Each structure stands twice: as structure tokens, then as C-alpha cells.
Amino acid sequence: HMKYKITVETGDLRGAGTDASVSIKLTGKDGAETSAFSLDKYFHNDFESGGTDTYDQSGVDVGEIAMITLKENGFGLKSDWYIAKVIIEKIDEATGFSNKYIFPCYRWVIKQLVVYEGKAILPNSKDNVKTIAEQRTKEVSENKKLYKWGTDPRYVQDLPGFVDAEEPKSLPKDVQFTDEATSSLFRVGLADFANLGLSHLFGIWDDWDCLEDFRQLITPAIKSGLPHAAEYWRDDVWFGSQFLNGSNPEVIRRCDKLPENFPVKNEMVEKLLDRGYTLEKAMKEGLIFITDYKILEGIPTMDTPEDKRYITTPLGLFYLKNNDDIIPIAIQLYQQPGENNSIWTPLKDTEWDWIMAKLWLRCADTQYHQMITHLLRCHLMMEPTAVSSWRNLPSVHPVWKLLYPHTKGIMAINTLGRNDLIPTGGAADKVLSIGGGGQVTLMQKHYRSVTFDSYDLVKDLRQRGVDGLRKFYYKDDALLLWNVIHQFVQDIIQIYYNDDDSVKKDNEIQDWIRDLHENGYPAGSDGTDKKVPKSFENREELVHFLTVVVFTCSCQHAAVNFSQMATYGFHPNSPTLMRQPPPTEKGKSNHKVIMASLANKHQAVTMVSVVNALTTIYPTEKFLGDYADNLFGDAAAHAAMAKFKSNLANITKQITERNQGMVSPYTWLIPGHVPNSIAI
């Protein structure tokens, strides 16, 4: 008969129970299938995870094994078996050679799981034989029943599509949190204050005595230590650089002509410029940049008897110094000029007034960063690609394998976010001045006008006129990673798609992109098309769109997420809310007045607890290029992935050499620090 040496490698996850026994039915390339063997698996203790189990077997010969089927075979206290991969060694009677068939899995068996052999196969391929072709249709059909487009009324309007799930637990086990502690990370109760050693500040609504006391929030519980911001935040040079190398580099842009509603006169800023330069000359030469937060106009701030918060709709003007530092030179708190809305300037205003003006500009930026730059443009805008993958692509498809490690965990975290971050009562609601409902409205307002053109990094930075800035470290690093990721995606795609026709006739990728265009990214209530293709007509379109996804799920998220402690650690560097309205007159600002506007003690601790949670990196995390749970079997794919890792290693080396001798190096896009996906 036919001998089969089946080796099962258990993954790093471990469910509850003992009897993890299952049955395995092999299936040959030509349809010849065997009988359900019985794999006995028993877990000694609860902690143990991983390991190998080898089984010798005998049954009907099938030839080349194209796929395997797994079914729960446990009797008492059945435990869901999380399997990394299966290796079946046999011999082809045709030429009596020992051949191994690797089956990359990384799934919980639960009920019944079918796993293809490593080789990736397009539906319009020649290797898509009958047995494969019939299975992949069933797989996708089954998945569509588990992964539907959500209709939660809270989030159906002016937002990207999302998965249908009431809670993280109501999701399929395969896309749940890989750590149970995660589900309870954004709760900010007394115990969370206590974890940071700050429970004595819980419920304390007093002002901070002075600006330096915010350093009290950095206890040994905060392992990153005291942010450099604590030492530099007052410096105009540091201030300017926070709009480039902080957590939100999406707003500032070259200004060739002032908005009519921002009447900055040369007299106000002339001595801040270079000798021999006027405001007009500076603009002609492209030395003037601006941060306009018009989008905050109309967004309501929290207004309750016991909690009132404020925000403005400011404009900031910056100057590109001769040594490549940008500095703030003018600020207007509200869009429309008026008697109570003057232009602030370090040349014409007091030092305390200037500090106040800067704090209000950063506060506006915080609103933008949290809701638009982070949550919307990373978390929510990327989720649709994960949902569409499950609904339209079989696990044998090369694109499914490509995106899998990068979309991992996004559905889980977003489902939690929809309950504990975004809604009223959530984290954002507790720390942002636009909390109380406005945080969602701000996202909706950006979405109504968003298109995927704003995701083309190269062209976005270019049309903003900021891609030439020497000390814009995010830009330099992001552009290296973008081009390296684009190369990788292109290599993979050109392995399986020989030409543009290969892309047209791939019915499965066409279902994928069509589902995104229709349900993933609805135009919104302004009818603004999001510029997601109706179909992929060539390989270049396919590569670009996928480059956007991989880059956003890994690099972009990392840059605007894990840098949050350096940015918000010291609250004054980037205020989350204001408890008093802005000043209406000059000369009124001083230390104590400022302390009355800035967050109180309880509020400040809440932010640190949140930021500390958002920057959680588990020891298991896999960083950019590290594909340990690789689904690719083709040796050509491995070559592409290895070249990828080599290109990343070179970027790491560049960033390190540039960061040499710096006090506060930009380190958030070092490949080894960039997770593969959005899992937090």
C-alpha cells in the first residue's frame, strides 16, 4: 500500500482543553483521496505551546498531494488545535522517490479546515486543476458567510466599510486577538492608573502647579523613559520639527500665497526672516510653509456641566531657515480675522502669549492626528482590504499570501475600537476636546473628501512641496521604504502574472477589487469617488494598489502610532484638550493662566494610560520583512522575500548612520521597529 509520514507542527497559540486530536484526509492532484486518518494530540499542561508530532500511516495512494482536510476528532474536552503547518513525506510509485509536501496553515481547526499545498495558483492558471478549481470556489463561498460587511448604524455613514462583528469575541477565531489581555487595554479605570503608579491622581480635577510637573507622569512603569520633548518643547526649532518628525507629518505644506483670511503682514514677521528678505520674497523662493486646520470648523467640543473643552480652527505659518530648520513665525487661532482673533507672533507678542498661541496650534493638530491621521487613514481605511480578502480570495491565491501578514489583526483591533475608542465613553472621548461626539464627525468630514490619490506617498509629498526638505526625516525614510516595498510587491506579482492579460482574466482578484469599490469605500454623502479601481486592467495598477496597502499597514501606522509616547508623553508638547477658551486680548497670558487651560491631573494621566496602551508591542510581534508564518511555498517567492529583507537591512544601515550623534534621532521607521500589520 501507500506509506505516509505525516508531521504536524503546532503553532505558538494554545487554546483551552486537552484532546486536540483530529483526522486528516489527503487528496491527490488528480482527485485520488484517501481515508480519514486519526491524529492523536494531547496537551500535557496548559502553558506548553509548539512542538512536533510525527505519524506513520498507510492508505490509498493519491500520487502528488494537492491539499489536505482536517476535522475535529476529539472526544472528551476537545481543544482547538492551532497548527503552524503540516509536512507529509511519501514516495511516488512512478519513480520511488521520497517527496515532502508542505502545507502552510496557521489556523485553528475548530470544525473542518482544508489546506492547500504551498504552491500559489491563480484561478486562470494551468495548475488550477479540477480538484483545486472546485475547492477554491467552495472555500471562498464558505468564507463569505463568516465575513460580511457590517451595518452597525453608528458607522454606516461617511466611513469606510467594515467587518460585521459585535465584539472581538464574535469574530472567527482565526482573526481574533492573539493575546487575551488586548481586549481590556483601552479601559482607563483606577487599576490602570495604578499600573502606572499614579492611582493617587485618579478623580483629581486640579490644575497642575506648573508646566514642569507633567514630568511626574513618566514613572518607571513607562519604559521608554522621559521624552526628549520634556527638554526641548519650548524651543521654536523643536516646535517646528514636530510637524515634520513628530506623529503627524500630513498637514504642513508649501505656501506660495497666503489665504485671504490669514492677513499676515511683513511688519509682523520681517525680523524673524533672513536679513534682506520680506515675507513676499520668502514665498516666491518657497521658504514659507503653512498648517491650515480649516477642517476643524463646525466640529463641536464637549459641553457638559462638569466637563467643558475647547478648540479653535488655527493657521500656522513657518519659515525655512538657512540651516534647514523650520520655525513658526505667525499664528491665527480662528479662520476668520476679527477683533478677538488677531495674528500672534514672537516678534510682536509677549513670550507667554507666544507660548499660549503655540499650545493652541498643537492642540488642533492633536485632534487631527488622533482621529484622521491615525484612526481613519490607517485603521479604518485599511480594514476593507482585510474583509474583501476573506470574501473573494482563496488561501491558494498569491495575493492572499502576500497581504496576509500585513492585514493580520486589523479586524480584531477595529472591532474593539468601535466600542472602546471611537464611540462616546471611549478613550478618545475622554482625552480630546472634540470628544462628546465630534471625534466621529471629524472622521466623517475627512472621508467625504478623501481619495486614494492622497495615499500615493511620492505624489502627495510632491504636491505639498515638502519632499525637498533636508531635515524632514519621516519623508526620507518613508520614501526609502515605499520604493523598497514597491519593488517587493512587483517581484511577487511578476512571478505569477506574466502579463496584463493574466490580471484581466484572474476572476478572483477582480472580485476582490470590485468588492472594495462597491462596499469597501462608498463615495459618501458628497458623492466624492474614492478613486478605487472598478477593475485591474494591468499589472502596474495591481502593484501600486497593493504597495499602498502594505505600506500603510506597516510603515505609515508605525510612524504615526508608536511615536505617540515621544509626542504625547510630555503633555505640553502636544495638548489633547483645553479647559478654557482661547485668549481674546494680548498681554493676558502667564504661567498660571496656561495651567488653567491645559488638561487637569486626571485627564493627563488618562492620556498617558491610553498612549501607553496604543504603543503596546508584544514579544511575539513580527516586524517588517520577518515572515516567520510564511504561506509561500514557491522558491521564487522566497527569493523575492529575501531580497526584500536585504533591501530593508540597507535602509536600517542608512537611518542608523544619519541618526549618528543625534540627541533625539528619528527611529520610528527603522524596519526592525516597524510591525508588519495594524494590530494595535
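Don't overthink the numbering: it's just position in the shown sequence, from 1.
Student: Higher average CA B factor in the deposited record is what I'm after, so tell me if that's 103 to 111 or 600 to 608.
Tutor: Result of the comparison: 103 to 111.
Student: Would 160 to 168 or 327 to 335 have the larger average of its C-alpha temperature factors, as given in the entry?
Tutor: Per the deposited B-factors, the answer is 160 to 168.
Student: Which has the highest CA B-factor per the PDB entry: 74, 246, 240, 520?
Tutor: Most elevated C-alpha B-factor of the set, per the entry: 74.
Student: What third of its chain, lowest, middle or highest, does the C-alpha temperature factor of residue 137 fall into?
Tutor: Highest third - that is where residue 137 ends up once the chain's C-alpha B-factors are sorted.
Student: Which third, lowest, middle or highest, does the CA B-factor of residue 631 fall in along this chain?
Tutor: For residue 631, the deposited C-alpha B-factor lands in the middle third.
Student: Would you please rank residue 670 by its C-alpha temperature factor against the other modelled residues of its chain and give the third it falls in: lowest, middle or highest?
Tutor: Lowest third, going by the recorded CA B-factors of the chain.
Student: Taking the entry's C-alpha B-factors for this chain, is residue 270 in the lowest, middle or highest third?
Tutor: For residue 270, whose C-alpha B-factor we compare with every modelled residue in the chain, the answer is the lowest third.
Student: Going by the entry, which third of its chain does the Cα temperature factor of residue 572 land in?
Tutor: It belongs to the lowest third of the chain when residues are ordered by C-alpha B-factor.
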